[PDB]
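K.L.:
Below is the file query-v5.cif, with mmCIF, C-alpha atoms and all ligand atoms.
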```
data_upload
#
loop_
_atom_site.label_atom_id
_atom_site.label_comp_id
_atom_site.auth_asym_id
_atom_site.auth_seq_id
_atom_site.Cartn_x
_atom_site.Cartn_y
_atom_site.Cartn_z
CA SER X 1 -7.37 9.92 9.81
CA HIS X 2 -4.08 8.12 10.68
CA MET X 3 -2.42 4.85 9.70
CA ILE X 4 -1.58 2.96 12.91
CA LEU X 5 0.78 0.29 11.63
CA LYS X 6 3.69 -0.25 9.23
CA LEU X 7 5.53 -3.41 8.24
CA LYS X 8 9.27 -4.08 7.73
CA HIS X 9 10.71 -7.28 6.28
CA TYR X 10 14.11 -8.84 5.97
CA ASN X 11 14.93 -11.93 3.93
CA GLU X 12 18.10 -13.71 5.08
CA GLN X 13 18.06 -15.91 1.96
CA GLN X 14 18.78 -13.63 -0.96
CA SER X 15 19.97 -16.34 -3.41
CA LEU X 16 17.40 -16.92 -6.19
CA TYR X 17 17.43 -20.68 -5.42
CA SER X 18 16.91 -21.53 -1.76
CA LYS X 19 15.58 -24.38 0.39
CA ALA X 20 13.88 -21.89 2.66
CA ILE X 21 11.91 -18.74 2.08
CA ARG X 22 12.24 -16.28 5.02
CA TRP X 23 9.11 -14.27 5.62
CA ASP X 24 10.49 -12.41 8.70
CA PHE X 25 8.65 -9.22 9.52
CA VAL X 26 8.24 -6.52 12.11
CA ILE X 27 4.86 -4.89 12.58
CA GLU X 28 5.32 -1.48 14.08
CA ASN X 29 2.48 0.15 16.08
CA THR X 30 2.52 3.85 15.13
CA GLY X 31 -0.72 4.81 16.90
CA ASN X 32 -1.87 5.42 20.50
CA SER X 33 -3.70 2.21 21.41
CA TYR X 34 -2.77 -1.47 21.66
CA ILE X 35 -3.09 -3.54 18.47
CA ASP X 36 -4.87 -6.87 18.97
CA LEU X 37 -2.96 -9.38 16.81
CA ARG X 38 -5.90 -11.79 17.04
CA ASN X 39 -7.43 -9.65 14.30
CA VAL X 40 -4.31 -9.36 12.16
CA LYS X 41 -3.23 -11.35 9.11
CA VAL X 42 0.06 -10.91 7.27
CA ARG X 43 0.67 -12.27 3.75
CA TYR X 44 3.86 -13.25 1.93
CA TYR X 45 3.15 -13.80 -1.78
CA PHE X 46 5.08 -16.39 -3.72
CA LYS X 47 4.84 -18.51 -6.85
CA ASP X 48 5.52 -22.23 -6.38
CA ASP X 49 3.89 -25.49 -7.41
CA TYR X 50 4.89 -27.81 -4.54
CA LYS X 51 1.68 -28.67 -2.58
CA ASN X 52 3.14 -29.58 0.90
CA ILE X 53 4.78 -26.50 2.43
CA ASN X 54 5.99 -26.58 6.06
CA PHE X 55 5.92 -23.47 8.28
CA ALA X 56 8.44 -22.76 11.08
CA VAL X 57 8.44 -19.84 13.55
CA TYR X 58 11.91 -18.98 14.85
CA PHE X 59 11.15 -15.88 16.96
CA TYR X 60 8.01 -14.13 18.19
CA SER X 61 8.68 -11.18 20.50
CA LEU X 62 5.17 -11.24 22.04
CA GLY X 63 4.51 -14.85 22.84
CA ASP X 64 5.20 -18.45 22.19
CA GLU X 65 6.59 -19.34 18.76
CA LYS X 66 4.99 -22.81 18.62
CA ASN X 67 1.57 -22.11 20.05
CA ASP X 68 0.82 -18.46 19.20
CA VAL X 69 1.89 -17.89 15.59
CA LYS X 70 0.11 -19.91 12.85
CA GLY X 71 0.77 -20.21 9.13
CA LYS X 72 -1.17 -21.66 6.19
CA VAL X 73 -0.58 -21.43 2.42
CA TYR X 74 -3.52 -20.45 0.17
CA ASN X 75 -4.04 -20.26 -3.58
CA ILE X 76 -4.94 -16.87 -4.97
CA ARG X 77 -7.48 -18.43 -7.33
CA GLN X 78 -8.41 -21.94 -8.53
CA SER X 79 -5.92 -21.16 -11.30
CA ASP X 80 -3.32 -20.95 -11.55
CA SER X 81 -2.10 -23.44 -8.92
CA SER X 82 1.32 -21.78 -8.59
CA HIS X 83 0.23 -18.28 -7.36
CA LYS X 84 0.02 -18.44 -3.60
CA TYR X 85 0.46 -16.64 -0.33
CA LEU X 86 1.49 -17.71 3.10
CA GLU X 87 -0.85 -16.18 5.64
CA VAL X 88 0.50 -15.65 9.16
CA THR X 89 -2.05 -15.22 11.97
CA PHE X 90 -1.80 -15.02 15.80
CA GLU X 91 -3.68 -16.78 18.54
CA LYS X 92 -2.42 -14.25 21.05
CA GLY X 93 -0.44 -11.00 21.10
CA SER X 94 -1.01 -7.32 21.71
CA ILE X 95 1.33 -4.64 20.34
CA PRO X 96 1.85 -1.70 22.69
CA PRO X 97 1.69 1.80 21.15
CA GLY X 98 5.20 2.87 20.10
CA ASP X 99 6.34 -0.76 20.12
CA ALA X 100 6.66 -3.48 17.48
CA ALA X 101 5.98 -7.23 17.11
CA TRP X 102 9.01 -9.12 15.70
CA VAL X 103 8.08 -12.33 13.93
CA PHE X 104 10.77 -14.45 12.22
CA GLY X 105 10.43 -17.79 10.47
CA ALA X 106 10.55 -19.79 7.30
CA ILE X 107 8.60 -21.94 4.91
CA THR X 108 10.22 -25.00 3.25
CA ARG X 109 8.99 -27.70 0.88
CA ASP X 110 8.31 -30.89 2.80
CA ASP X 111 10.71 -32.70 0.48
CA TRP X 112 13.48 -30.11 1.05
CA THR X 113 13.82 -29.32 -2.65
CA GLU X 114 14.63 -25.67 -3.55
CA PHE X 115 12.33 -22.76 -4.28
CA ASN X 116 13.06 -20.31 -7.10
CA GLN X 117 12.40 -16.99 -5.45
CA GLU X 118 12.92 -14.91 -8.56
CA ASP X 119 9.23 -14.79 -9.50
CA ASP X 120 7.89 -14.37 -5.95
CA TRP X 121 6.00 -11.09 -5.47
CA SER X 122 7.18 -10.61 -1.83
CA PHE X 123 10.86 -11.46 -2.51
CA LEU X 124 13.21 -8.66 -1.30
CA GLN X 125 16.84 -8.41 -2.46
CA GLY X 126 19.62 -5.89 -2.08
CA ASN X 127 19.02 -4.83 1.56
CA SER X 128 20.98 -5.73 4.68
CA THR X 129 18.40 -5.34 7.44
CA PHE X 130 14.67 -4.91 8.09
CA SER X 131 13.20 -2.24 5.76
CA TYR X 132 9.65 -0.99 5.11
CA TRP X 133 8.38 -3.32 2.47
CA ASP X 134 5.17 -2.73 0.58
CA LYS X 135 5.06 -6.14 -1.20
CA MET X 136 3.87 -7.95 1.88
CA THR X 137 0.33 -7.17 3.06
CA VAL X 138 -1.33 -6.67 6.46
CA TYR X 139 -5.02 -6.90 7.26
CA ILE X 140 -6.98 -5.91 10.34
CA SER X 141 -10.28 -7.82 10.42
CA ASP X 142 -9.83 -8.46 6.72
CA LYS X 143 -9.40 -4.75 5.80
CA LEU X 144 -6.09 -4.20 3.86
CA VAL X 145 -4.05 -1.77 6.01
CA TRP X 146 -0.56 -2.07 4.51
CA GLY X 147 1.03 -3.20 1.30
CA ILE X 148 0.19 -3.98 -2.34
CA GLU X 149 -1.43 -7.25 -3.47
CA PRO X 150 0.07 -8.85 -6.67
CA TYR X 151 -1.21 -7.50 -10.01
CA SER Y 1 6.33 -10.41 -10.03
CA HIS Y 2 7.20 -6.66 -10.03
CA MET Y 3 5.42 -3.45 -9.07
CA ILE Y 4 5.58 -1.09 -12.07
CA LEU Y 5 4.55 2.20 -10.51
CA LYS Y 6 5.04 4.34 -7.39
CA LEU Y 7 3.43 7.62 -6.35
CA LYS Y 8 4.95 10.74 -4.74
CA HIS Y 9 2.94 13.67 -3.40
CA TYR Y 10 3.65 17.16 -2.23
CA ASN Y 11 1.16 19.47 -0.54
CA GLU Y 12 2.06 23.16 -0.83
CA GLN Y 13 -0.63 24.08 1.71
CA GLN Y 14 0.51 22.67 5.02
CA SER Y 15 -1.63 24.94 7.27
CA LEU Y 16 -4.48 22.98 8.91
CA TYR Y 17 -6.99 25.58 7.61
CA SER Y 18 -6.70 26.32 3.91
CA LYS Y 19 -8.88 27.52 1.02
CA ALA Y 20 -7.26 24.99 -1.27
CA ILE Y 21 -6.27 21.38 -0.90
CA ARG Y 22 -3.27 20.48 -3.13
CA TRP Y 23 -3.41 16.94 -4.42
CA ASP Y 24 -0.19 17.24 -6.54
CA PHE Y 25 1.38 13.92 -7.41
CA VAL Y 26 4.00 12.26 -9.54
CA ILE Y 27 3.39 8.76 -10.84
CA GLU Y 28 6.69 7.10 -11.55
CA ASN Y 29 6.92 4.25 -14.11
CA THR Y 30 9.37 1.72 -12.63
CA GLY Y 31 8.78 -1.04 -15.20
CA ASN Y 32 9.76 -1.72 -18.84
CA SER Y 33 6.62 -0.84 -20.80
CA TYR Y 34 4.52 2.28 -21.30
CA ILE Y 35 1.73 2.90 -18.76
CA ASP Y 36 -1.61 3.83 -20.33
CA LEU Y 37 -3.08 6.55 -18.08
CA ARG Y 38 -6.50 5.98 -19.65
CA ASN Y 39 -6.72 3.02 -17.28
CA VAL Y 40 -5.40 4.81 -14.21
CA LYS Y 41 -7.26 6.43 -11.32
CA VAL Y 42 -5.64 8.30 -8.44
CA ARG Y 43 -7.46 9.09 -5.17
CA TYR Y 44 -6.93 11.81 -2.57
CA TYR Y 45 -8.99 11.06 0.55
CA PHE Y 46 -10.44 13.88 2.59
CA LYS Y 47 -13.19 14.60 5.09
CA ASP Y 48 -15.39 17.60 4.30
CA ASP Y 49 -19.11 18.36 4.21
CA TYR Y 50 -19.29 21.07 1.51
CA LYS Y 51 -21.14 19.55 -1.51
CA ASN Y 52 -19.81 21.77 -4.41
CA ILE Y 53 -16.05 21.21 -4.80
CA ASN Y 54 -14.20 22.73 -7.79
CA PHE Y 55 -11.20 21.00 -9.40
CA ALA Y 56 -8.27 22.84 -11.05
CA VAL Y 57 -5.29 21.32 -12.88
CA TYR Y 58 -2.19 23.53 -12.80
CA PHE Y 59 0.37 21.28 -14.53
CA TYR Y 60 0.24 18.00 -16.45
CA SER Y 61 3.59 16.93 -17.91
CA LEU Y 62 2.02 14.61 -20.53
CA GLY Y 63 -0.78 16.60 -22.05
CA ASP Y 64 -3.27 19.36 -21.78
CA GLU Y 65 -4.25 20.44 -18.27
CA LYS Y 66 -7.81 21.49 -19.22
CA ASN Y 67 -8.80 18.72 -21.57
CA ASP Y 68 -6.81 15.65 -20.46
CA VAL Y 69 -6.96 15.51 -16.66
CA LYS Y 70 -10.42 15.08 -15.02
CA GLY Y 71 -11.50 15.19 -11.39
CA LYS Y 72 -14.68 14.23 -9.53
CA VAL Y 73 -15.42 13.93 -5.79
CA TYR Y 74 -17.15 10.76 -4.52
CA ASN Y 75 -18.57 9.67 -1.18
CA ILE Y 76 -17.04 6.57 0.34
CA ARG Y 77 -20.46 5.34 1.44
CA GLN Y 78 -24.01 6.74 1.71
CA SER Y 79 -22.90 7.65 5.24
CA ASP Y 80 -21.31 9.41 6.36
CA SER Y 81 -21.58 12.34 3.94
CA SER Y 82 -18.24 13.85 5.03
CA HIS Y 83 -15.87 10.95 4.06
CA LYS Y 84 -14.86 11.49 0.47
CA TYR Y 85 -12.18 11.15 -2.14
CA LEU Y 86 -11.23 13.15 -5.16
CA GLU Y 87 -10.62 10.81 -8.05
CA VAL Y 88 -8.26 12.01 -10.80
CA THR Y 89 -8.49 10.28 -14.19
CA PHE Y 90 -6.92 10.93 -17.63
CA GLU Y 91 -8.41 11.11 -21.09
CA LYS Y 92 -4.96 10.79 -22.60
CA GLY Y 93 -1.38 10.14 -21.49
CA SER Y 94 1.22 7.42 -21.67
CA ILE Y 95 4.11 7.19 -19.19
CA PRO Y 96 7.38 6.02 -20.74
CA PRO Y 97 9.36 3.38 -18.83
CA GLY Y 98 11.85 5.12 -16.51
CA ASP Y 99 9.83 8.34 -16.72
CA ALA Y 100 7.12 9.94 -14.58
CA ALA Y 101 3.82 11.82 -15.05
CA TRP Y 102 3.71 15.08 -13.02
CA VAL Y 103 0.20 16.21 -12.19
CA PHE Y 104 -0.37 19.32 -10.03
CA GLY Y 105 -3.63 20.98 -9.04
CA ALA Y 106 -6.10 21.88 -6.36
CA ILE Y 107 -9.62 21.46 -5.12
CA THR Y 108 -11.51 24.40 -3.52
CA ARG Y 109 -15.01 24.88 -2.15
CA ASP Y 110 -17.14 26.75 -4.66
CA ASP Y 111 -17.85 29.35 -1.98
CA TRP Y 112 -14.13 29.80 -1.19
CA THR Y 113 -14.57 28.96 2.49
CA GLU Y 114 -11.70 27.05 4.17
CA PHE Y 115 -11.12 23.33 4.53
CA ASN Y 116 -9.82 21.83 7.78
CA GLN Y 117 -7.20 19.43 6.54
CA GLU Y 118 -6.38 17.97 9.94
CA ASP Y 119 -8.75 15.01 9.60
CA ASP Y 120 -8.05 14.30 5.91
CA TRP Y 121 -6.55 10.84 5.35
CA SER Y 122 -4.30 11.96 2.44
CA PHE Y 123 -3.00 15.14 4.16
CA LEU Y 124 0.84 15.25 4.26
CA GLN Y 125 2.75 17.59 6.58
CA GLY Y 126 6.36 18.06 7.55
CA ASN Y 127 8.02 17.50 4.13
CA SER Y 128 9.53 20.03 1.74
CA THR Y 129 9.23 18.29 -1.62
CA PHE Y 130 7.60 15.34 -3.40
CA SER Y 131 7.94 12.15 -1.31
CA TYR Y 132 6.58 8.60 -1.69
CA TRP Y 133 3.24 8.77 -0.02
CA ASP Y 134 1.18 5.71 0.76
CA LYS Y 135 -2.01 7.57 1.84
CA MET Y 136 -3.01 8.35 -1.70
CA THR Y 137 -4.11 5.40 -3.86
CA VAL Y 138 -3.56 4.38 -7.49
CA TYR Y 139 -5.62 1.91 -9.50
CA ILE Y 140 -5.00 0.29 -12.86
CA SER Y 141 -8.31 -0.89 -14.33
CA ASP Y 142 -9.76 -0.72 -10.84
CA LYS Y 143 -7.07 -2.97 -9.27
CA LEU Y 144 -5.38 -1.17 -6.28
CA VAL Y 145 -1.67 -0.91 -7.21
CA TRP Y 146 -0.36 1.64 -4.71
CA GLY Y 147 -1.33 3.06 -1.37
CA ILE Y 148 -3.62 2.38 1.62
CA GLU Y 149 -7.36 3.13 1.62
CA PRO Y 150 -8.74 4.79 4.84
CA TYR Y 151 -9.60 2.43 7.73
CA CA K 1 8.92 -19.18 -6.89
CA CA K 2 -11.32 18.05 6.38
CL CL K 3 -0.83 8.80 9.23
CL CL K 4 13.17 1.24 5.58
CL CL K 5 -3.23 -5.37 -6.57
CL CL K 6 9.12 -4.92 -7.49
CL CL K 7 10.44 9.83 -0.61
CL CL K 8 -8.05 0.09 4.19
#
```
Reformat the file's structure so that it appears as structure tokens.
P.N.:
Amino acid sequence: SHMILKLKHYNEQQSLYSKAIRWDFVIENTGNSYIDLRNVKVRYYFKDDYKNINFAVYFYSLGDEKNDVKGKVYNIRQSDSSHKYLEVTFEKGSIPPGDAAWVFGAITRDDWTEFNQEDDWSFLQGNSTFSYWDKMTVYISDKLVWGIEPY
Amino acid sequence: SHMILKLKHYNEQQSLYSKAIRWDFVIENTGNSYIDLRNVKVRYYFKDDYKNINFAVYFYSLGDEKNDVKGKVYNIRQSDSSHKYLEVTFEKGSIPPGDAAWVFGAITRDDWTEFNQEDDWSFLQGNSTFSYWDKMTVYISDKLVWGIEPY
């Protein structure tokens, strides 16, 4: 009958126009068993029409940034092309009860032109550190366990 | 790109064993247009195996408690019988931007025997007034717009 995880987010780029979108999050384990991140997806929703987005992981507290944390951008439907999410997944990682996974990184357009973050569902302004944020979502084996999908 | 509603809940019965479960909630309108409650469902998740549950509305800030606010209990699946939700719906009601709908009431077993709230997903303890509560859900035309379903 208990939730066993919560998510916090902090976005270092709070200007509306930015070359990088920061999806940094912390998944907190609030239950009594380990959480297997191999079954966990996290989504950052954004609106943008540039096809070639690059994904960079700057920090992963539970493993190797290059090898263990993966990112891919998906369209929400065939139409319209601009409504997307980045989905972050893990090849390895286990969150101890009472602990948290810290995962920091960015996405950028391959041509280094700027995003307009103003219309991005997951965009968080006005805070100065990691805060619970219900506009990014978390799934465990494809069940939605945290957050609100765009509507 | 914005959420337009949030939910707060307060449960006046915080004893684990209780003859009444209080589902009281406030839906806040955080956007710029009216919210039509005719398209809104709110769910309180609980585990209980008594078939005949009665629903009482004590306060509805936007209309008539008897006629305008409706409640029905549903099973989450055929199996297991005990995992349920109360769904609250509205025949009438429109939340002004910047305002909130207050909706207080209870469910009871028709035989007046006690619930055990300890295993109820939506059960909230340790608070002294209405607080944002992400273990009750809200839907607008069947899209989930607030909260986390049991998992
Ligand atoms: Ca955008
Ligand atoms: Ca129960
Ligand atoms: Cl909980
Ligand atoms: Cl916070
Ligand atoms: Cl949604
Ligand atoms: Cl928002
Ligand atoms: Cl609160
Ligand atoms: Cl769920």
K.L.:
Output as CSV one row per residue of chain X within 8 Å of chain Y: the closest atom pair and its distance in Å to one decimal place, counting all atoms listed in the file, sorted by chain and residue number ascending.
P.N.:
```
residue,atom,partner,partner_atom,distance
X:1,CA,Y:121,CA,4.6
X:2,CA,Y:121,CA,6.5
X:3,CA,Y:151,CA,7.8
X:119,CA,Y:1,CA,5.3
X:120,CA,Y:1,CA,5.9
X:121,CA,Y:1,CA,4.6
X:143,CA,Y:151,CA,7.4
X:144,CA,Y:148,CA,7.4
X:145,CA,Y:148,CA,6.1
X:146,CA,Y:148,CA,6.1
X:147,CA,Y:147,CA,7.2
X:148,CA,Y:145,CA,6.0
X:149,CA,Y:145,CA,7.4
X:150,CA,Y:1,CA,7.3
X:151,CA,Y:145,CA,7.2
```
K.L.:
To one decimal place in Å, what is the distance between CA of residue 142 in chain X and CA of residue 41 in chain X?
P.N.:
7.6 Å
K.L.:
Would you list the residues that come within 12 Å of ligand CL 7 (chain K)? Count only C-alpha atoms and all ligand atoms and give the answer as a VMD selection string.
P.N.:
chain Y and resid 6 to 10 26 28 127 to 134
K.L.:
Choose the residue, out of X:33, X:109, X:72, X:66, that has the smallest atom-to-atom separation from ligand CA 1 (chain K); count only C-alpha atoms and all ligand atoms.
P.N.:
X:109
K.L.:
Which neighbours of residue 99 in chain Y fall inside 9 Å, counting only C-alpha atoms, when residues of the same chain fewer than 5 positions from it are skipped, and could you give them as an NGL selection string?
P.N.:
:Y and (27-30)
K.L.:
Find, counting all atoms listed in the file, the residue in Y:112, Y:102, Y:85, Y:17 that gets nearest to residue 59 in chain Y.
P.N.:
Y:102
K.L.:
With all Cα atoms paired residue by residue, do a least-squares superposition of chain Y on chain X and hand back the transformed coordinates as a compact mmCIF listing (two decimals) with C-alpha atoms, keeping the file's coordinate frame.
P.N.:
```txt
# COMPACT_ATOMS: atom_id res chain seq x y z
CA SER Y 1 -7.38 9.92 9.81
CA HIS Y 2 -4.09 8.12 10.69
CA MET Y 3 -2.42 4.85 9.70
CA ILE Y 4 -1.58 2.96 12.91
CA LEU Y 5 0.78 0.30 11.63
CA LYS Y 6 3.69 -0.25 9.23
CA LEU Y 7 5.53 -3.42 8.24
CA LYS Y 8 9.27 -4.08 7.73
CA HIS Y 9 10.72 -7.27 6.27
CA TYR Y 10 14.11 -8.84 5.97
CA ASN Y 11 14.93 -11.93 3.93
CA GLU Y 12 18.10 -13.71 5.07
CA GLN Y 13 18.06 -15.91 1.96
CA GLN Y 14 18.78 -13.63 -0.96
CA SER Y 15 19.97 -16.35 -3.41
CA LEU Y 16 17.40 -16.93 -6.19
CA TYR Y 17 17.43 -20.69 -5.41
CA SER Y 18 16.92 -21.53 -1.76
CA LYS Y 19 15.58 -24.38 0.39
CA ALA Y 20 13.88 -21.89 2.66
CA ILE Y 21 11.90 -18.74 2.09
CA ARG Y 22 12.24 -16.28 5.02
CA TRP Y 23 9.10 -14.27 5.62
CA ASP Y 24 10.49 -12.41 8.71
CA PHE Y 25 8.66 -9.22 9.52
CA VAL Y 26 8.24 -6.52 12.12
CA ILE Y 27 4.86 -4.89 12.58
CA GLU Y 28 5.31 -1.48 14.08
CA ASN Y 29 2.48 0.16 16.09
CA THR Y 30 2.52 3.85 15.13
CA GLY Y 31 -0.72 4.82 16.90
CA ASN Y 32 -1.87 5.42 20.50
CA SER Y 33 -3.70 2.21 21.42
CA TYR Y 34 -2.77 -1.46 21.67
CA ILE Y 35 -3.09 -3.54 18.47
CA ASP Y 36 -4.87 -6.87 18.97
CA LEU Y 37 -2.96 -9.38 16.81
CA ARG Y 38 -5.90 -11.79 17.04
CA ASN Y 39 -7.43 -9.65 14.30
CA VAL Y 40 -4.31 -9.36 12.16
CA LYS Y 41 -3.23 -11.35 9.11
CA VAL Y 42 0.06 -10.92 7.26
CA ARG Y 43 0.67 -12.27 3.74
CA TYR Y 44 3.87 -13.25 1.92
CA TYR Y 45 3.15 -13.80 -1.78
CA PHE Y 46 5.08 -16.39 -3.72
CA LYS Y 47 4.84 -18.51 -6.85
CA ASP Y 48 5.52 -22.22 -6.38
CA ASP Y 49 3.89 -25.49 -7.42
CA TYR Y 50 4.89 -27.82 -4.54
CA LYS Y 51 1.68 -28.67 -2.59
CA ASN Y 52 3.14 -29.58 0.90
CA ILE Y 53 4.78 -26.49 2.43
CA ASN Y 54 5.99 -26.58 6.06
CA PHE Y 55 5.92 -23.48 8.29
CA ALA Y 56 8.44 -22.76 11.08
CA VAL Y 57 8.44 -19.84 13.54
CA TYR Y 58 11.91 -18.98 14.85
CA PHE Y 59 11.16 -15.88 16.96
CA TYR Y 60 8.01 -14.14 18.19
CA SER Y 61 8.68 -11.18 20.49
CA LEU Y 62 5.17 -11.24 22.04
CA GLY Y 63 4.51 -14.85 22.83
CA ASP Y 64 5.20 -18.46 22.18
CA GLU Y 65 6.60 -19.34 18.76
CA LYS Y 66 4.98 -22.81 18.62
CA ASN Y 67 1.57 -22.11 20.05
CA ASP Y 68 0.82 -18.46 19.20
CA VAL Y 69 1.90 -17.88 15.59
CA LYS Y 70 0.11 -19.91 12.85
CA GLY Y 71 0.77 -20.22 9.13
CA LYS Y 72 -1.17 -21.66 6.19
CA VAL Y 73 -0.58 -21.43 2.42
CA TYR Y 74 -3.51 -20.44 0.17
CA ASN Y 75 -4.04 -20.26 -3.58
CA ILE Y 76 -4.94 -16.87 -4.97
CA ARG Y 77 -7.48 -18.43 -7.32
CA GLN Y 78 -8.42 -21.94 -8.54
CA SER Y 79 -5.92 -21.16 -11.31
CA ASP Y 80 -3.31 -20.95 -11.54
CA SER Y 81 -2.10 -23.44 -8.93
CA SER Y 82 1.32 -21.78 -8.59
CA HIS Y 83 0.23 -18.28 -7.35
CA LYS Y 84 0.02 -18.44 -3.59
CA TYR Y 85 0.46 -16.64 -0.33
CA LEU Y 86 1.49 -17.71 3.11
CA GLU Y 87 -0.85 -16.19 5.63
CA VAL Y 88 0.50 -15.65 9.17
CA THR Y 89 -2.05 -15.22 11.97
CA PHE Y 90 -1.80 -15.02 15.79
CA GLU Y 91 -3.68 -16.78 18.54
CA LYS Y 92 -2.42 -14.25 21.05
CA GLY Y 93 -0.44 -10.99 21.11
CA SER Y 94 -1.01 -7.32 21.71
CA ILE Y 95 1.33 -4.64 20.34
CA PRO Y 96 1.85 -1.69 22.68
CA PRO Y 97 1.68 1.80 21.15
CA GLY Y 98 5.20 2.87 20.10
CA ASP Y 99 6.34 -0.76 20.12
CA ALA Y 100 6.66 -3.48 17.48
CA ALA Y 101 5.98 -7.23 17.11
CA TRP Y 102 9.01 -9.12 15.70
CA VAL Y 103 8.08 -12.33 13.93
CA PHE Y 104 10.77 -14.45 12.22
CA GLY Y 105 10.43 -17.79 10.47
CA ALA Y 106 10.55 -19.79 7.30
CA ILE Y 107 8.61 -21.94 4.91
CA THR Y 108 10.22 -25.01 3.25
CA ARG Y 109 8.99 -27.70 0.88
CA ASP Y 110 8.30 -30.89 2.80
CA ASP Y 111 10.71 -32.70 0.48
CA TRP Y 112 13.47 -30.11 1.05
CA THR Y 113 13.82 -29.31 -2.65
CA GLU Y 114 14.63 -25.67 -3.55
CA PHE Y 115 12.33 -22.76 -4.28
CA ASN Y 116 13.06 -20.31 -7.10
CA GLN Y 117 12.39 -17.00 -5.45
CA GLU Y 118 12.92 -14.90 -8.56
CA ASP Y 119 9.23 -14.78 -9.50
CA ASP Y 120 7.88 -14.38 -5.95
CA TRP Y 121 6.01 -11.09 -5.47
CA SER Y 122 7.18 -10.61 -1.83
CA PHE Y 123 10.87 -11.45 -2.50
CA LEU Y 124 13.22 -8.66 -1.30
CA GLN Y 125 16.84 -8.41 -2.46
CA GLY Y 126 19.61 -5.89 -2.08
CA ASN Y 127 19.02 -4.83 1.56
CA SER Y 128 20.98 -5.73 4.68
CA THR Y 129 18.40 -5.34 7.44
CA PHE Y 130 14.67 -4.90 8.09
CA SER Y 131 13.20 -2.24 5.76
CA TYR Y 132 9.65 -1.00 5.11
CA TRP Y 133 8.38 -3.32 2.47
CA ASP Y 134 5.17 -2.73 0.58
CA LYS Y 135 5.06 -6.14 -1.20
CA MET Y 136 3.87 -7.95 1.88
CA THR Y 137 0.32 -7.17 3.06
CA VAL Y 138 -1.32 -6.67 6.46
CA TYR Y 139 -5.02 -6.90 7.26
CA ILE Y 140 -6.98 -5.91 10.34
CA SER Y 141 -10.27 -7.82 10.42
CA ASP Y 142 -9.83 -8.46 6.72
CA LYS Y 143 -9.41 -4.75 5.80
CA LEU Y 144 -6.09 -4.21 3.86
CA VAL Y 145 -4.05 -1.77 6.01
CA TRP Y 146 -0.56 -2.07 4.52
CA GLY Y 147 1.04 -3.20 1.31
CA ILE Y 148 0.20 -3.98 -2.34
CA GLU Y 149 -1.43 -7.25 -3.47
CA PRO Y 150 0.07 -8.85 -6.66
CA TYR Y 151 -1.21 -7.50 -10.01
```
K.L.:
Please indicate the distance in Å from CA of residue 48 in chain Y to CA of residue 77 in chain Y, rounded to one decimal place.
P.N.:
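Computing the Euclidean distance for CA of residue 48 in chain Y and CA of residue 77 in chain Y yields 13.6 Å.
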K.L.:
Which residue gives the smallest distance to residue 95 in chain Y among Y:141, Y:61, Y:116, Y:79, with only C-alpha atoms counted?
P.N.:
Y:61
K.L.:
Which distance in Å separates CA of residue 36 in chain Y and CA of residue 93 in chain Y, to one decimal?
P.N.:
6.4 Å
K.L.:
Just checking: using only C-alpha atoms, which residue out of X:5, X:124, X:106, X:57 ends up closest to residue 32 in chain X?
P.N.:
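Comparing X:5, X:124, X:106, X:57 against residue 32 in chain X, the winner is X:5.
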K.L.:
Which residues come within 12 Å of residue 19 in chain X, counting all atoms listed in the file, excluding same-chain residues fewer than 4 positions away, as a VMD selection string?
P.N.:
chain X and resid 12 to 15 53 to 54 106 to 117
K.L.:
Hey, which of Y:23, Y:44, Y:139, Y:60 ends up closest to residue 75 in chain Y? Count all atoms listed in the file.
P.N.:
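Among Y:23, Y:44, Y:139, Y:60, it is Y:44 that comes nearest to residue 75 in chain Y.
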